[PDB]
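Heads up: the structure comes next, in structure tokens.
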Amino acid sequence: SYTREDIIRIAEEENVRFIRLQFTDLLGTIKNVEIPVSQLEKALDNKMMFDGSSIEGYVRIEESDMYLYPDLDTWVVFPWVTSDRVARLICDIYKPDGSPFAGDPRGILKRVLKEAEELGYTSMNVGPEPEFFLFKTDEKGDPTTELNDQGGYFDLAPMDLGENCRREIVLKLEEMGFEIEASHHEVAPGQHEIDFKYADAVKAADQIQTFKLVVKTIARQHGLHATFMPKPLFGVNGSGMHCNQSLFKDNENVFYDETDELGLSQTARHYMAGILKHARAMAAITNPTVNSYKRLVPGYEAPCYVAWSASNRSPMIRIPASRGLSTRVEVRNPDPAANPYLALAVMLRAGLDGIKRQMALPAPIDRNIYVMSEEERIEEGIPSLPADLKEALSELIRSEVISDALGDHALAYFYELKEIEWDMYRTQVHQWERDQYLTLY
Amino acid sequence: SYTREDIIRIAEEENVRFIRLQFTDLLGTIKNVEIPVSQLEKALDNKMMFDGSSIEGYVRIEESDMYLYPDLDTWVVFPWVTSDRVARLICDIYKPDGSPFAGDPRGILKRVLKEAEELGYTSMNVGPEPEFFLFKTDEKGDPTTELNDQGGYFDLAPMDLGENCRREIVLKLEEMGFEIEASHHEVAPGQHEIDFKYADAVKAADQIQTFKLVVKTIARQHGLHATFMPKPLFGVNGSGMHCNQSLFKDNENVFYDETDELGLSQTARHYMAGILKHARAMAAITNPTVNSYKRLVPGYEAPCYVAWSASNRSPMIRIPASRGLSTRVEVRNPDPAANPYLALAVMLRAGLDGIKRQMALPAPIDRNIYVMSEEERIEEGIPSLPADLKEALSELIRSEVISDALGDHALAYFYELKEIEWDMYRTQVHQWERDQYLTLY
Amino acid sequence: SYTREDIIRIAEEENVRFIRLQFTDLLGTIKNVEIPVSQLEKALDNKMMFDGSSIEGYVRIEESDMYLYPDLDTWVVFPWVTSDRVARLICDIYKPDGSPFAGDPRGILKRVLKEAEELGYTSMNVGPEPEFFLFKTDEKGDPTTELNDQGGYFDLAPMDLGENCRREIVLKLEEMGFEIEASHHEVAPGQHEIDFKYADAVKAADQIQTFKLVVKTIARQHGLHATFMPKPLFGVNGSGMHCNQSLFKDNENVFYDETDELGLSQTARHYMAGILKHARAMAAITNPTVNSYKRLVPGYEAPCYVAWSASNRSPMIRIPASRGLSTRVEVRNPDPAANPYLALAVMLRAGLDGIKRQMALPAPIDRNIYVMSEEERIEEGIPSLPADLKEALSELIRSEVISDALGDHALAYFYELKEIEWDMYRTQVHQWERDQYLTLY
Amino acid sequence: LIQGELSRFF
Amino acid sequence: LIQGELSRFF
Amino acid sequence: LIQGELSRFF
Amino acid sequence: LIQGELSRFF
Amino acid sequence: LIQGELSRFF
Ligand SMILES: NC(=O)CC[C@H](N)C(=O)O
Ligand SMILES: NC(=O)CC[C@H](N)C(=O)O
Ligand SMILES: NC(=O)CC[C@H](N)C(=O)O
Ligand SMILES: [Mg+2]
Ligand SMILES: [Mg+2]
Ligand SMILES: [Mg+2]
Ligand SMILES: [Mg+2]
Ligand SMILES: [Mg+2]
Ligand SMILES: [Mg+2]
């Protein structure tokens, strides 16, 4: 923990000259206001005013005035091995009248956590698994189509010190204070995964944001480009952001049950049932981009159907073999492009709705895999995820449970942003069309 | 503050070998006379003689002789991390008979501040918001069409240390003694904004000049090109120089009124009314270049109509939500290409005229925005800013209020400069004309 | 003259296989409908239906249906020295109910000629002087910045047969049946002028259209590009379309008067007075493009002021030394980019208004030329032509005389087209702005 | 009205 | 509504 | 079913 | 007043 | 008379 005096003492001792008042918009892009150390005391008094309409993205209509309220527990100093140290503070957005901004994703996640606490659950324990690609750059600094390496699953390809981004990323994260569980080479060439240790939902989302920033910074430092795009290349594996989740009640894992055959309590089963029922509604949030649904194709371990299993090629929900206090429910739809706060909020809200409505868990899918016909698929009651962004947007609009989690203000702006994105995408004429046609016709 | 003995002591202690006797011409370009430290005592005796006709720009017709009178309070040492330190002094221009030069913009601003003080207002509190673009350079050192980054509004795009000009600029300014409020990435790619803390009008204009010089120097140092051109690229956001202003009377903000619904006193409302009435007259000063009116086009947040609001897409005058001693009137027409002294002088003179004549403030524009027709626009009494430099020049010539603020000597030379510029611009045949025509006709 | 039987006989005898049903839109671009010779009889029955909204240009909103009514007297066979001969017919546009289309420029000129005939003037004798530039082409066939030659005024630069376009153009025109008076090299390098023999106004405009088409075709045939753009290059002479005009009443030149000192009748003087009074109103028609007003700059023989003379550097109206039946009033504002039908119509309407109102002719400008100041210029009552397209559009809108000549339907569409063109032009950022700024600011 | 923000798509 | 005709400016 | 892992041959 | 004729020197 | 200063336009 930290206090105002502690922050001032550390900043004076560490010779910090630059402070980043970091926050997040609806699209998940990392936003911040730069600050010289001479304004640190003013920042700590919650007296910095900025636009605030930047949260709305490119659909902002008018300039507003909003205040930044830094969270002292998020203070950290970047270890960029240079003089004039740079520090950061993660801030919440407040209206000039003192009320919190309704469109802040962090505030949305906090409100969902509060309504979870109202049910007796003290915290939501979340451990994400972000994957990213490393691309080579040209003389002008732009990413090329060449990967940084040609390693495979769990390979030792980026060895030694030459352009070893994965080692440096883990080292710098550990120096910052990150709790890193493990990291490994991913399935596709040039793909890497770093797994964090488990923490509370707000801290987990802050860690995801900081991790993306650190990965991009260190990759650019080595003459490489890091991307979290869900499907950068056709025919290769995409990047996922599987989120392991478990509810807690005073350091007691309520998802655990020793008497259960699978070690899953009734509360856990209700949670998974609620997540499964509202899957197509949250697809627009956990898979927010157009490219997100190019990843959700069969044959690349990404989930394409709404079903749960303990062992399958690509289930919607997977139950890891770990038990005891580490029993978890792993949701595999989200990609790293998704907003961490919004994705965690919608998943938690769906689980809470399932718990409250005592939903019945559908039977798990056995070793049988999805070569079955569509008639066999809907005969067994196995739904499918939306095929594109428009279907997910329609499902989100028609959904009343997760739209309430988003809130009235944020839902309208998110819908406007995604509709504009889809409208821009759908009218483009791609090179594939010119390759197929323009000679046949 | 500083004295002659203090300046000599600091120069001897700091090993200063070069002193820049910096001043400004009518076009706003930064001018200076180099001086070895052995001439510092002669400079402090107001005995340095130079041309002085360089103030008139490229329309000077004869060589004159004028003296430089340095302002000791403007002394500063550049922190260019090199031996043989370089210092600067900002000087006023005086005729050989001892009278101040009428064509000095700093003297014009001082005279306007004096006639404001004659009304009982001790100071003009001004905080500008200069925005600029960063362009890449080629092997020969000339700017290209490529931006330094592709960030968005309030993005954290220039991270790390690689070509991080914004961080270095803030750090060097803070080392110089600048009071920087905050900085952020601007809407357009490659666009950056640094906001200063508020100060008196003369100090604010000196800070604007020093800020432009420092930004250009640091950007050049990183193999980049910094420009304050109002509209460098078509189809992207331009660069503005919004100036927050508030009149003070013995550390009392006369613009504040707790009883008012919007927290605006009658004096403040008269000030905004006076600024609105004379808008088209000062447009030639706050938007002095031909390119300045390519920014004043709809759809890029730049103001195009003379109207005020508390919340709108792009009003002429915006009233920030801050109240108390920070209540301000924000004027958004000026671009960074404008002369700071002249722009502040004309804005203050228009506000003073409104205060003296007790002008009636027109009603603010509501959430209704300008899709209305021209008949609806002039039925509601909403004027428009000049479409090009020629209209603004004609309005300035026909105006008696701000022409008196400029003065007889400066007005003629500014008009000659702008007329020559417009005449050169209007006879050019651009590539757009050759693209549209030369094949159709 | 020709008849249906004559046209069929010639087409069968000449082995004509292609017929171009040529017409004109509001912008002056040459439009046509292709027709196989098997449809010639159907075309001659005024039964061909086409869109007709193509006349309105790029501001057409809905598809209509209109009929083409060919003019048998305009029949001609192109001498392109190849088999499968190609012929053309010039057609008037008619609504399906049988009434002529109000937006056809040829119909507008015919209506103006009819209202002239109602005053007792049998014909309008018009001889134009179109000038054009010849540019070299690259390997891809696009025009370059290199001229075809470097000749001067009345030079013999393009001699022999090596790319001798001027000679070929005259020969092919004479073979077609054109009455060519003379041709010569123009002032600027690569500039050429061909003068036709005088004819009636409708025939003169048809000849202008055919001349432009033939010049472009022959120039393209020689690996060159012909343009009628008013000012393709800065610093060199532009291209004008001076139109010599004289009213006739049963082969009697009513402009002639032996008793007059200058050989000008009272009717002629009233005609010139009417043209001079309405000059700024017709400027939007005779100079319809943005580039048209880059030609109207001093020093290049183009007229910039509304005044008449018998000998001057660049008067609006020049009276040639020819007398008797060849006494003419030469109007020098129009450029070849102007619509011939519309320009002739508005000039004739202004002259008729002057004749009807018995306008007083202002005194001619003496050998004194326009180094005089603006005060001297408006003290002598010398108006100036509009500086750009916007001023001309405003003058046209405020004018009631020539707007009636245009008609209600055509005026709105022409105004919309020109407003869109000006709006596109005014927001562009040109290379000149980037050269002047982006380094100074 | 919002053209300068949609420059990402152009 | 009229976008395909204004392609001469783009 | 195994397409993303067989990318070594493509 | 004669600029367009002196273009041979420019 | 002022030609050396107007070189910025040439
Ligand atoms: N083996 C793995 O877990 C890879 C997962 C895969 N990259 C996905 O996007 O889900
Ligand atoms: N979001 C903003 O305030 C940008 C302002 C804009 N650049 C202008 O020129 O006014
Ligand atoms: N007649 C000439 O000498 C040339 C005329 C000039 N080209 C013009 O545009 O008017
Ligand atoms: Mg993985
Ligand atoms: Mg996993
Ligand atoms: Mg700004
Ligand atoms: Mg502002
Ligand atoms: Mg000629
Ligand atoms: Mg002539």
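Throughout, a chain's letter reflects where its sequence line sits, starting with A, and its residues are numbered from 1. Hydrogens, waters and symmetry mates play no part in the numbers below; they use all other heavy atoms, side chains included. All ligand and atom numbering here is 1-based and tracks the order in the structure.
- No side-chain donor-acceptor contact under 3.5 Å links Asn333(C) and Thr286(C).
- The distance criterion of under 3.5 Å between nitrogen or oxygen atoms is met by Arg295(C) with respect to ligand 3.
- Among all protein heavy atoms, the one lying closest to atom 5 (C) of ligand 3 is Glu131(C) OE2, 3.7 Å.
- With hydrogens and angles left out, the side-chain atoms of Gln191(A) and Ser239(A) include a donor and acceptor closer than 3.5 Å.
- For the residue pair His184(C) / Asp155(C), no side-chain donor-acceptor distance below 3.5 Å is found, with atom types taken as modelled.
- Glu186(A) contributes OE1 as its N, O or S atom closest to the Mg ion (ligand 4).
- The N/O atoms of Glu193(C), backbone and side chain alike, include none that comes under 3.5 Å of an N/O atom in ligand 3.
- The residue from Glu174(C), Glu181(C), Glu179(C) that alone fulfils the salt bridge (charged side-chain N to carboxylate O under 4.0 Å, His left out) condition with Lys197(C) is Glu181(C).
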*Kindly indicate, with the supporting measurements, whether the criterion side-chain contact (heavy atoms from CB on, under 4.5 Å) is fulfilled by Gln245(C) and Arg328(C).*
CA-CA 5 Å; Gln245(C) 300 140 52; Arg328(C) 301 161 205 296; over 6 Å; no
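- Annotation for ligand 3: atoms under 4.0 Å from non-hydrogen atoms of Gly240(C) are 9 (O).
- Of the protein's non-hydrogen atoms, the one nearest atom 10 (O) of ligand 3 is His242(C) NE2, 3.1 Å.
- Residue contacts with ligand 3, taken as heavy atom pairs separated by less than 4.0 Å, involve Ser239(C) solely via the backbone atoms N, CA, C and O.
- For atom 4 (C) of ligand 3, the closest non-hydrogen atom of the protein is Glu186(C) OE2, 3.3 Å.
- Of the N or O atoms in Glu301(C), one or more lie within a sub-3.5 Å distance of an N or O in ligand 3.
- If you check the side chains of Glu129(C) and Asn244(C), you find a donor sitting under 3.5 Å from an acceptor.
- Taking backbone and side chain together, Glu193(A) holds an N, O or S atom under 2.8 Å from the Mg ion (ligand 4).
- Taking only nitrogen or oxygen atoms, main chain and side chain alike, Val187(C) does not reach within less than 3.5 Å of ligand 3.
- A side-chain donor from one of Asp206(C) and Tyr341(C) sits under 3.5 Å from a side-chain acceptor of the other.
- The Mg ion (ligand 8) lies closest to atom OE2 when only the N/O/S atoms of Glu131(C) are considered.
- The minimum heavy-atom distance linking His192(A) with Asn148(A) is given by the pair NE2-OD1, 3.2 Å.
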